[PDB]
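For reference, the chains in residue letters:
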Amino acid sequence: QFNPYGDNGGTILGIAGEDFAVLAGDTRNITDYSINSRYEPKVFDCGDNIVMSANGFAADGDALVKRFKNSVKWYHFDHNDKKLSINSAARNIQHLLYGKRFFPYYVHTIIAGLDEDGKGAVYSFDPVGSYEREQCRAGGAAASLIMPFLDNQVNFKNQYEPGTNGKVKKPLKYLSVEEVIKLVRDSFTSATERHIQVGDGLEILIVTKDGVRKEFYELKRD
Amino acid sequence: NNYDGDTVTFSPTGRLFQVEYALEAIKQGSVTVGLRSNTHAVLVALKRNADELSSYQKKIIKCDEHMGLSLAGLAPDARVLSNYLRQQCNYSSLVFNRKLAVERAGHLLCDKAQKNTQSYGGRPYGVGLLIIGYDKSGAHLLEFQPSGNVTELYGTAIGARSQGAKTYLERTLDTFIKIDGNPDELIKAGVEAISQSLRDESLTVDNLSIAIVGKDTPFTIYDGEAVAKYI
Amino acid sequence: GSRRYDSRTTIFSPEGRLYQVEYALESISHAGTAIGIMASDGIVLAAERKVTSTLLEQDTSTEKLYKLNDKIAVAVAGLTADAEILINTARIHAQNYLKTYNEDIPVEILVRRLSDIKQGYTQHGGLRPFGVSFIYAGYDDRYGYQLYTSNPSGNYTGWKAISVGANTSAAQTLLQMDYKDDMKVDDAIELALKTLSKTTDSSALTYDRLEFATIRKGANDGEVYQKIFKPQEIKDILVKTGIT
Amino acid sequence: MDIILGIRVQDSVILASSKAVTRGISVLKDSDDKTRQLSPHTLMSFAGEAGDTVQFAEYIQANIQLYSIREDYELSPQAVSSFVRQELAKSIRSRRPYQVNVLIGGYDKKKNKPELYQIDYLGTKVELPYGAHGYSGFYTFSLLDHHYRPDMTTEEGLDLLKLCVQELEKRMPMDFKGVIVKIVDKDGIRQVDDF
Amino acid sequence: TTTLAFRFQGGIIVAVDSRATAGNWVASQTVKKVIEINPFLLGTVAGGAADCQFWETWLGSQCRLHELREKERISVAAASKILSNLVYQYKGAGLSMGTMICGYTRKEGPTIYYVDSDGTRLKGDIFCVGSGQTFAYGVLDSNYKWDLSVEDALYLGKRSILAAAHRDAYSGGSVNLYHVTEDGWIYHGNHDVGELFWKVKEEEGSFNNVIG
Amino acid sequence: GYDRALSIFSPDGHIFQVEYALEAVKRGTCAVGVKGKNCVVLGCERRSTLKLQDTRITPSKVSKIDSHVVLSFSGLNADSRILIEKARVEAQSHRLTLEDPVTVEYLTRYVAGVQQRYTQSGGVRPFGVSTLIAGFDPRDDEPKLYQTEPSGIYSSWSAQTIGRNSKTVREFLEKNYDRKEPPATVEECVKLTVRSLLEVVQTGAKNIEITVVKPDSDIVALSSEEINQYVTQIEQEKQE
Amino acid sequence: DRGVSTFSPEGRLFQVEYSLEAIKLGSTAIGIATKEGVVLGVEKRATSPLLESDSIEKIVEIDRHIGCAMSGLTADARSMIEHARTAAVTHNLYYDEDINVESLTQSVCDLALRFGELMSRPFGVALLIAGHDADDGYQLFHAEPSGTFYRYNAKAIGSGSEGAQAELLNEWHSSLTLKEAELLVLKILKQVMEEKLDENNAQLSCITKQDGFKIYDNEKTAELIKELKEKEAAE
Amino acid sequence: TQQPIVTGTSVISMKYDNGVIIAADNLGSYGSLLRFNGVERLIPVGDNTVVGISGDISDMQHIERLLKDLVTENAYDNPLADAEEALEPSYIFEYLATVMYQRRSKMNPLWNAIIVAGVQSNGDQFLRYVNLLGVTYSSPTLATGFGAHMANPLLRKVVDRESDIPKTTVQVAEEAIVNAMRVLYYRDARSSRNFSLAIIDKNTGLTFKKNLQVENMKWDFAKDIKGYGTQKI
Ligand SMILES: *[C@@](C)(CO)[C@](*)(O)[C@H](Cc1ccccc1)NC(=O)[C@H](Cc1ccc(OC)cc1)NC(=O)[C@H](C)NC(=O)CN1CCOCC1
Ligand SMILES: [Mg+2]
Ligand SMILES: [Mg+2]
């Protein structure tokens with residue numbers, strides 16, 4: 001019988017700073033035990049300082065990004081070139097995803113950008129439209145490997161202040177763009193080591209008030 | 001007389017009076033000018049107001065990053081047609097990953113307006129449009145009429161007293177066509193062209209409306225203090 | 001287009017009347033007179049056939065009086081063809097009600113639905129109304145014996161005695177004169193015939209130019225019987241009352 | 001939903017209906033009234049699939065109330081039951097049938113007689129002296145076969161009903177949290193508060 | 001999930017956990033399971049996350065349209081029935097929703113309505129909904145009285161979620177407290193189980209099963 | 001389907017079909033609504049050119065929409081049935097979804113909306129009917145009286161009349177009805193309603209119908225003798 | 001007869017032009033936009049003294065940040081308001097934000113020309129849509145049955161429109177306060193109204209960023225009427 | 001819901017310095033039966049694109065007709081149909097990619113794997129894949145079916161990343177393709193010796209080669225192999 005879904009693998013990662021936000025994702029594309037492409041980008045600039053990635057089943061992922069990109073376009077036409085805020089984009093995406101509640105997009109979606117106060121924002125979605133703003137999210141095949149590492153290093157979970165008898169927690173603080181990119185690169189190299197569907201290359205999209213900048217790094221090709 | 005009740009009726013001399021009355025709505029509309037070079041295309045539109053307390057009716061509409069039009073006549077009909085163009089431009093992008101040709105844009109509008117002139121119940125569109133764009137074959141300027149007749153031109157104008165601007169452009173043809181790689185000078189030629197259609201009134205800051213598209217210029221509209229440069 | 005040829009059947013006059021309903025009533029006023037008279041122990045339906053020919057088969061004929069179910073009957077005035085469309089609808093509606101509730105349909109409910117159908121033709125659809133007026137004669141266990149009338153407007157009203165069709169003005173005056181509330185069926189039979197005999201446009205009222213029916217509780221113990229009179233039975237009742 | 005009983009006596013109809021609403025391993029509510037008043041002298045108890053029960057009961061209630069307003073007249077218990085049966089008879093051959101079983105207890109004011117109808121989700125109507133839906137019947141029918149008499153009073157009917165509830169509380173596996181009892185007679189519908 | 005809400009002398013307490021699960025994977029620890037429909041209406045959510053999130057936000061829109069049209073705040077009964085009639089249309093399609101519509105109006109007073117995805121709609125004084133509802137019931141029922149103070153009621157609601165957060169593997173993260181009065185709902189803060197557990201253990205002397 | 005735009009604008013800015021529908025209302029038998037301190041009374045004219053009628057079965061002029069709301073009308077009788085039926089269905093639908101009976105304002109708003117829809121829908125003519133909708137909101141003792149008309153406008157009235165010679169009875173009510181002090185009791189309200197109809201009717205025999213609506217679904221229709229007592233009392237006081 | 005969507009020889013739609021005549025017969029409605037808020041005021045015009053004037057609802061809420069006043073065949077406005085309210089709430093559901101006043105007006109005006117041989121005729125009512133958003137601030141729009149809408153600093157529609165519009169021309173300036181605007185609506189309404197202006201036959205409302213859209217009570221409007229009369233007599 | 005009947009096997013392709021190469025054998029298999037031997041599975045669109053199709057042949061012939069019809073439709077009211085407004089590989093691909101995904105979304109897929117090879121108007125090499133699921137991806141080397149498992153490894157030794165493309169000549173690239181076709185003939189049980197090859201160069205244009213054969217095959221070592229273990233004779 002025909003199976004309409006497939007697993008194109010890979011993994012994505014979003015981290016929010018004080019006045020910036022990053023959305024990273026490996027450039028490997030796979031089916032079963034074969035590599036399809038070593039460089040197939042899945043993190044996209046969608047305009048209005050919103051970056052998006054829909055990892056999982058690439059056909060559904062590309063379809064969704066394509067529709068959201070088009071949703072941004074018609075938002076400008078219908079509302080006098082108004083800028084789509086990140087919170088509004090998120091809600092719009094929920095309706096796109098839930099629109100196919102009974103024949104879902106097989107993708108874990110993550111968008112990143114800046115909120116209306118100029119602060120870094122990462123929103124993350126399930127396959128049917130459930131969403132939540134966070135400082136931190138990993139999505140895709142190696143999400144289970146990366147996510148707990150982020151809890152520890154970004155949100156300082158299970159870390160207490162030395163000599164306080166485990167009474168005072170390590171205080172929460174924003175990370176610099178330099179420190180965030182270090183965590184991203186270490187997250188992806190670690191995920192590449194232990195997950196077969198992750199590797200080849202890493203592409204990071206950084207979002208500041210100035211615009212959207214890109215950075216590329218090599219990953220192990222085995 | 002007896003042959004103007006609806007669009008489905010021909011006159012004894014072979015005329016469609018409802019289409020001609022729709023054409024009349026354009027002549028009542030405010031003047032707008034279109035002109036192009038080989039690098040850029042420019043729309044200049046005189047906006048109209050109800051009174052001093054009212055705003056000035058927006059004449060120019062964007063269809064895509066590389067295409068847009070100005071209107072003269074019934075504004076709601078222009079909204080319907082511009083929306084149709086937006087969808088057709090967008091269909092070409094999503095399906096074929098291809099920017100819609102300005103010539104096809106005209107062909108599609110012609111065929112849409114035509115269907116309204118041959119069927120009972122419906123009515124002709126009561127608006128004229130000037131479509132500008134930059135595609136794979138350079139800059140373009142189209143003139144749409146609700147009869148269905150679309151025409152590609154170097155320059156033109158439609159609306160009330162549009163004959164003044166149209167004569168000027170017919171004289172200036174050789175000059176403005178060669179304004180290549182210079183947006184501001186092409187706009188100046190368009191602002192001088194629309195000035196030939198003015199009576200009593202002159203071009204003010206919230207009266208004038210200018211749009212431009214070109215080689216390395218997306219379709220962008222200029223209103224308010226942004227057009228003060230050209231007065 | 002087609003707009004040119006539209007009569008616009010469902011519109012108001014400047015005075016606030018429905019042209020087609022009014023003209024349909026003018027049509028009905030030329031139809032053979034039909035009379036209904038409700039007594040304490042039954043109902044009478046009498047109707048005059050439209051200018052009969054001597055070669056018309058009289059015994060196997062049905063022009064004026066129709067049976068809707070075992071308990072309800074109607075007298076027609078207007079276009080017969082139109083009436084038959086409405087009658088078959090009414091017959092079906094009665095059977096739907098019986099199928100749904102396992103109870104015979106109350107007279108008013110049937111009358112309302114049939115009147116609602118006529119109303120629809122005056123308000124929407126762009127069709128001509130039904131050129132028909134009914135006299136409903138029926139019985140149920142709520143209100144007992146009931147007489148109603150409906151006309152092309154879709155408006156219906158209840159009556160003790162009523163006429164439709166031709167010469168209703170003259171007929172209604174005569175009924176209003178001789179009718180009284182403690183009346184019996186046999187008396188109502190006589191009144192119905194006497195009224196037709198005086199309001200008729202014919203020279204003399206005869207058996208072959210009449211349809212007649214009664215709805216009595218004259219069956220055995222607490223049950224209703226419909227009697228559509230035969231030609232010979234009309235001939236006898238006409239002699240018995242002393243008209244011929 | 002589980003236990004709904006009905007007992008027609010001389011001058012009234014008595015409907016008992018369990019109070020428990022269970023879902024999974026949790027009794028969510030122990031005071032649930034599994035009935036609706038269709039008209040002043042007609043009461044319908046119901047049991048079956050979750051959601052369907054109330055949705056159906058209220059839909060019927062609305063229709064009967066609409067009839068009452070239109071005609072300014074109360075429909076007979078027989079007529080209401082026939083209407084209900086037809087609705088279930090349509091339902092069973094639908095895309096998604098109502099899975100609801102009902103008892104219709106009513107007092108016919110024209111006949112001056114109490115009437116009890118049992119209708120299952122298929123649209124199977126029967127008039128009975130006593131009725132039950134679900135597993136309840138497997139105990140109560142035989143019990144009533146023995147103890148029921150047609151000429152009983154309402155008070156005798158309630159004692160007969162107590163005898164059923166006691167037997168069910170003894171032998172039924174599930175805790176149904178007692179019953180709400182309602183009486184339908186010439187004076188209308190009233191609830192027995194202490195049972 | 002574990003969500004509860006109970007009626008008492010001083011209004012309504014509403015308490016929820018904040019965990020989201022994708023099987024045994026902990027999807028989130030910081031999710032919002034109380035939707036603020038208006039200043040007088042709350043909606044708790046358990047079950048399918050998107051189903052809950054989407055349709056409860058939708059419910060808020062329908063409640064807004066009601067007060068625009070009727071110039072009057074929607075009743076708790078009417079609001080709950082809009083949602084229950086909606087999910088009933090989708091019955092069989094596979095929606096998963098365990099909600100509790102809690103609020104106050106003049107005509108009704110404090111009211112709680114349990115509504116779930118198979119069409120059940122129940123008015124009641126106490127409800128617990130979710131994978132850890134039984135654990136919450138155990139603590140809540142054994143300590144519940146109508147005459148509880150606002151201070152004690154808030155704590156009991158918090159302690160009942162904590163109990164479930166502990167035992168139920170598919171509940172936890174943090175406790176979100178609310179208190180509904182005649183004047184409207186009042187938020188009583190987010191309480192992380194990471195700190196709250198040890199705070200409760202020490203002060204209350206409970207949770208002796210755990211290695212202290 | 002029949003599509004024709006029957007209700008349309010004319011050069012002077014009038015929709016003649018809606019205005020001609022008002023003429024049908026003006027032809028209709030008079031109907032009056034007077035609301036007191038704790039009640040509303042609906043009076044209705046019945047033309048006396050129809051004898052040999054059966055008043056048991058003849059459709060009554062005042063119709064119950066729900067147990068707490070009533071609707072009388074003036075104009076085309078057949079049309080009124082369609083509005084009443086729709087209103088009755090909507091009343092049950094409201095109880096089903098909101099778990100609360102309709103307010104008199106809501107029911108009126110619905111009926112008026114239906115009437116309006118027929119003034120700009122293709123293939124249909126406007127309702128030749130104006131209504132007086134009266135009653136009491138659930139758990140409320142404040143009397144409500146509303147009026148609708150073919151165009152679709154509706155509004156609340158302390159007292160109001162519609163139908164033939166309504167301008168005469170409206171003239172009567174305008175001077176006789178005091179806003180500061182409405183009819184304190186049921187008797188006072190009914191008397192004022194009968195008095196107002198006696199300006200127009202002809203005879204106070206079987207020509208006047210009266211229906212009294214009180215709070216908590218307390219509606220009752222007066223009989224001939226009960227109404228005749230008011231007629232007898234008013235005429236004796238008049239001779240002065 | 002003749003088609004519904006027919007053009008005149010002058011190039012206008014007959015039915016649209018006739019519907020404008022209906023709006024001229026309607027009761028007066030005035031709107032004034034300031035930097036402190038937008039004020040909307042209407043003439044109630046009760047046809048009889050027995051009619052309870054508080055039931056006359058010619059000013060209407062669309063959302064918390066958008067109000068609406070009407071004039072003409074006011075029964076036709078019901079479906080326009082319903083659409084507007086749904087559009088406003090629907091946009092909030094899709095985008096988690098307030099909807100722009102212009103976008104709302106445009107949505108309403110899209111219904112206007114959806115008539116022909118869709119509904120059978122144009123609307124016989126004009127709307128004054130007042131509101132506020134974060135982008136363009138306080139705005140007043142005039143929505144016609146032609147499908148056209150103009151933004152206004154101030155606008156009068158209805159029977160006394162041309163007389164009131166000429167008065168608004170002179171009186172309006174860009175530094176008007178809210179209190180000044182309130183009185184200015186009352187002043188101009190009293191001039192064009194047939195009957196004498198009071199709290200029962202005229203209604204005021206406003207929309208501010210802070211408090212949103214609010215219809216004024218008869219007690220509040222009465223004080224503004226009394227304040228208005230005193231200020232005119234004071235010079 | 002389909003099942004493929006008459007099927008075509010591997011389509012292999014790669015980029016080189018000035019353009020792209022694509023190849024596919026001429027077999028139409030009917031399960032294990034090698035039914036049809038004259039099947040062309042490379043279909044040129046204009047003079048700048050070649051579409052290579054594997055999978056169900058009936059669906060391939062449908063796609064042929066769609067492309068044939070696309071050229072016609074593009075020519076309508078288009079004076080620049082053979083110039084600026086000619087069909088690009090990227091236009092042709094996106095069209096097919098749209099169709100493939102729409103069909104899978106209606107649970108009625110075109111049971112194919114497609115590779116659109118061509119050269120754009122600005123001289124850029126175009127090479128992109130799409131299949132029955134609507135999955136799309138691009139790479140210096142692309143292959144379908146067994147090609148993905150056996151050809152790609154060999155072709156990636158030539159062009160392992162983007163920077164290797166300018167360093168690869170048409171002679172080297174074609175040799176790698178022809179070698180890959182031989183390896184597939186050795187090891188793919190539903191392949192044939194006869195095949196077609198197409199080269200789309202930005203300078204020399206479209207070169208379509210028919211009736212090629214796999215040659216220089218190593219079979220001589222077979223004679224020494226006796227039995228399956230312990231046999232000597
Ligand atoms: C507890 C944690 C039980 O898991 C709660 O019910 C919690 C409630 C909740 C409410 C709002 C926001 C987040 C969480 N429910 C979940 O976390 C929920 C559990 C669940 C999963 C699948 C179900 O099948 C219908 C039912 C319940 N988890 C999710 O919804 C997760 C985040 N999403 C998915 O698993 C995506 N699936 C959902 C079903 O459709 C296919 C995709
Ligand atoms: Mg490997
Ligand atoms: Mg746990």
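Here, the structure is the one placed above.
1. What to know about the overall build of chain H
Consideration 1: Within chain H one finds 4 helices and 13 strands.
Consideration 2: For chain H, the C-alpha radius of gyration of 19 Å lies close to 17 Å, the compact-globule estimate for 233 residues.
Consideration 3: If one aligns the C-alpha atoms of chain H with their principal axes, the spans along those axes are about 75 × 45 × 30 Å.
Consideration 4: The contacts of chain H with a sequence gap of at least 6 include a subset with a gap of at least 24, amounting to 62%.
Consideration 5: A total accessible area of about 11200 Å² is found for chain H, and carbon and sulfur atoms account for 51% of it.
Consideration 6: Across chain H, the centroid of the 24 positively charged side chains sits 12 Å from that of the 26 negatively charged ones.

2. Details of the packing of helix 2 (residues 75-96) of chain B against helix 3 (residues 102-118) of chain B
Residue and element names in this part refer to chain B.
Consideration 1: The contact between helix 2 and helix 3 brings their axes to 11 Å, and the two run at 135 degrees. Relative to helix 3, helix 2 is oriented oblique. In terms of crossing hand, the pair formed by helix 2 and helix 3 is right-handed. Along its contact with helix 2, which presents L81, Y84, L85 and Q88, the element helix 3 presents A105, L108, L109 and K112.

3. Re the interface of chain C and chain F
Consideration 1: Counting residues at the interface gives 41 residues for chain C and 31 residues for chain F.
Consideration 2: Of the roughly 3000 Å² buried at the junction of chain C and chain F (both faces included), carbon and sulfur atoms supply 56%.
Consideration 3: The largest contributions to the chain C side of the interface with chain F come from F12, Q123 and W159 of chain C, which together make up 23% of the buried area.
Consideration 4: Summed over the shared surface of chain C and chain F, the result is 2 salt bridges.
Consideration 5: Between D116 of chain C and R81 of chain F there is a salt bridge, and its shortest N-O distance comes to 2.8 Å.

4. Some thoughts on the coordination of the magnesium ion (ligand 3)
Under ideal tetrahedral coordination, the four donors around a metal are separated by 109.5 degrees; under ideal octahedral coordination, the six donors are separated by 90 or 180 degrees.
Residues and elements named next belong to chain E.
Consideration 1: Protein-derived coordination of the magnesium ion (ligand 3) comes from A165 (O), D168 (O) and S171 (O), at a distance range of 2.1 to 2.7 Å.
Consideration 2: Between consecutive donor residues of the magnesium ion (ligand 3), the sequence gaps follow A-x2-D-x2-S. With respect to class, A165 is no different from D168; both count as buried.

5. Quick look at unusual backbone geometry
Consideration 1: Despite not being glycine, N165 of chain F has its phi angle at roughly 55 degrees, a positive value.
Consideration 2: Among the structural elements, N165 of chain F can be located in the loop between strand 8 (159-162) and helix 4 (166-176).
Consideration 3: What makes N165 of chain F partly exposed here is its relative accessible area of 47%.
Consideration 4: At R45 of chain G, a position not held by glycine, the phi torsion is positive, near 60 degrees.
Consideration 5: Its location among the elements puts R45 of chain G in the loop between strand 2 (38-43) and strand 3 (59-63).

6. Looking at the nonpolar core
Consideration 1: With 49 residues, the main nonpolar core has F68 and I111 of chain A together with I22 of chain H as its most contacted residues.
Consideration 2: Here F68 of chain A is in contact with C46, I50, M52, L84, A89, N92, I93 and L96 of chain A, once residues within four sequence places are set aside.
Consideration 3: Listed in part, the 47 residues of the second largest apolar core include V14, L122, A163 and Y178 of chain E.

7. Some remarks on helix 1 (residues 49-70) of chain E
All names here are of chain E.
Consideration 1: Compared with an ideal rise of 1.5 Å per residue, which puts 22 residues at 32 Å, helix 1 spans 31 Å between its outermost C-alpha atoms and is within 8% of the ideal.
Consideration 2: Where burial is concerned, most of helix 1 is hidden: 16 out of the 22 residues are buried.
Consideration 3: Looking one or two places after helix 1, you find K71, whose phi comes out positive at around 50 degrees.

8. With respect to the sheet that holds strand 9 (residues 208-214) of chain B
Residue and element names in this part refer to chain B.
Consideration 1: Strand order in the open sheet formed by 5 strands is 8-1-2-9-10, and the pairing between neighbours is antiparallel. Looking at the sheet topology across the chains shown, the edges are occupied by strand 8 (155-158) and strand 10 (217-222). Between one strand axis and the next, the sheet turns by 10 degrees as a mean value, whatever way the strands run.
Consideration 2: Bridge analysis of strand 1 (residues 32-36) against strand 8 gives 4 bridges, and the strand direction is antiparallel. Residue pairing in the sheet places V33 in a bridge with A157 of strand 8.

9. What to know about the site of ligand 1
Consideration 1: Near ligand 1 you find 14 residues, and of these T1, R19, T21, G47 and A49 of chain E are the closest.
Consideration 2: Taken together, the residues near ligand 1 originate from chains A and E.
Consideration 3: The contact in question runs from a nitrogen atom of ligand 1 to an N or O atom on the side chain of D126 of chain A, over 3.3 Å.
Consideration 4: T21 of chain E has a polar side-chain atom sitting 2.7 Å from an oxygen atom of ligand 1.

10. Regarding the sheet that holds strand 9 (residues 131-134) of chain A
All names here are of chain A.
Consideration 1: Pairing is antiparallel in the open sheet, where 5 strands are placed in the order 5-6-7-8-9. Of all strands in the sheet, those with a lone pairing partner are strand 5 (43-45) and strand 9, marking the two edges. The sheet shows a mean angle of 20 degrees between the axes of neighbouring strands, taken without regard to direction.
Consideration 2: Across 5 bridges, the pairing between strand 7 (residues 107-114) and strand 8 (residues 120-125) is antiparallel. By the bridge assignment for strand 8, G113 is matched with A121.

11. Quick word on helix 3 (residues 104-117) of chain F
Consideration 1: Across its 14 residues, helix 3 of chain F extends 20 Å between first and last C-alpha, which sits within 8% of the 20 Å expected from 1.5 Å per residue.
Consideration 2: Residues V104, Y106, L107, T108, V111, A112, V114, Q115 and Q116 of chain F constitute the buried set of helix 3 of chain F.
Consideration 3: Buried residues along helix 3 of chain F sit in contact with helix 1 of chain E together with strand 4 (69-75), helix 2 (77-98), strand 5 (129-135), strand 6 (144-148) and strand 7 (154-156) of chain F.

12. Looking at the pattern of salt bridges
Side chains that differ in charge, positive against negative, can pair when their charged atoms come close.
Consideration 1: This structure, assessed with the given rule, holds 94 salt bridges over all chains.
Consideration 2: For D125 of chain E, the salt bridge goes to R7 of chain E, with nearest N and O atoms at 2.9 Å. With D125 of chain E in the loop between strand 9 (121-123) and strand 10 (126-130) and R7 of chain E in strand 1 (residues 2-8), this residue pair connects regions lying 118 residues apart in the sequence.
Consideration 3: Within the structure, one salt-bridge network assembled from shared partners comprises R36 and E58 of chain D, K81 and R121 of chain E together with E99 of chain F.

Reading guide: rules and limits
Residues numbered from 1 in each chain as written, not as in the entry; some residues may be left out. Chains lettered and ligands numbered in written order. Part of a larger assembly, values for the part shown. Heavy atoms only, no water. Helix = DSSP H or I, 4+ residues; strand = E, 2+ residues; numbered from the N terminus. Rg over C-alpha atoms; globule rule 2.2 N^0.38 Å. Contact = heavy atoms within 4.5 Å. Areas by Shrake-Rupley, 256 points an atom, 1.4 Å probe, with all protein chains shown as cover. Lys, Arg positive; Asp, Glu negative; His and termini not counted. Charge placed at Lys NZ, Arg CZ, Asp CG, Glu CD. Axes fitted to C-alpha atoms, helices over the stretch in contact; angles between N-to-C directions. Parallel < 35°, antiparallel > 145°, perpendicular 65-115°, else oblique. Left-handed = near helix turned anticlockwise from the far one by under 90°. Buried area = accessible area lost by both parts, 1.4 Å probe. Salt bridge = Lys/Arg side-chain N within 4 Å of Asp/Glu carboxyl O. Donors = N, O, S within 2.8 Å, 3.2 Å for Na, K, Ca; no water. Buried < 20%, exposed > 50% of the residue type's maximum accessible area, 1.4 Å probe, protein only. Core = buried A, V, L, I, M, F, W, Y, C linked by side-chain atoms within 4.5 Å. Expected span 1.5 Å × (residues − 1). Pairing = 2+ DSSP bridges. Near = heavy atom within 4 Å. Polar contact = N/O pair within 3.5 Å; in protein donor to acceptor, adjacent residues only side chain to side chain.

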